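Single-letter residue listing:
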Amino acid sequence: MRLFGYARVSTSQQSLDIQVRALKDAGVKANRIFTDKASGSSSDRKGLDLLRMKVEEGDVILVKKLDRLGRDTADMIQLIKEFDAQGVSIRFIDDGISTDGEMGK
């Protein structure tokens, strides 16, 4: 079990620092802060692409999104399903958890 957190800069100011502190405040290790430097030549959605290969068995993925995780096809559900199949959990700042096993537990 590890403390992984997902982040993504939304403001030109020190956004990345605003997300990491949001994950640490949530209970995420600074060494495990897979944020997204969206402030680059183009969008940067690799914080989850790498987090998908860094989460351990039964790891907790804290997500303190302070704007929007993604709404269109499954931007906020794709990696969520990839983690649910990897036996990894995903804590949401909205209420601590989001869909921790919604089958019958």
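Residues numbered from 1 in each chain as written, not as in the entry; some residues may be left out. Heavy atoms only, no water.

Enquirer: Could you give an account of the sheet that holds strand 2 (residues 33-34), naming the residues involved and the relevant values?
Expert: The strand order across the open sheet built from three strands is 2-1-3, with neighbouring strands paired in parallel fashion. Looking at which strands have only one partner, the edges of the open sheet turn out to be strand 2 and strand 3 (60-63). Examined bridge by bridge, strand 1 (residues 3-6) and strand 2 share two bridges and lie parallel to one another. Following the sheet pairing, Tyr-6 is matched in strand 2 by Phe-34. (Pairing = 2+ DSSP bridges. Helix = DSSP H or I, 4+ residues; strand = E, 2+ residues; numbered from the N terminus.)

Enquirer: Can you tell me about the pairing of strand 1, naming the residues and giving the values?
Expert: Relative to strand 3, strand 1 runs parallel, the two sharing four bridges. Looking at the pairing, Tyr-6 lines up with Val-63 of strand 3. Taken together, strand 1, helix 1 (residues 15-26) and strand 2 constitute a β-α-β crossover, and its handedness is right-handed. (Right-handed = clockwise from strand over helix to strand, strands pointing away.)

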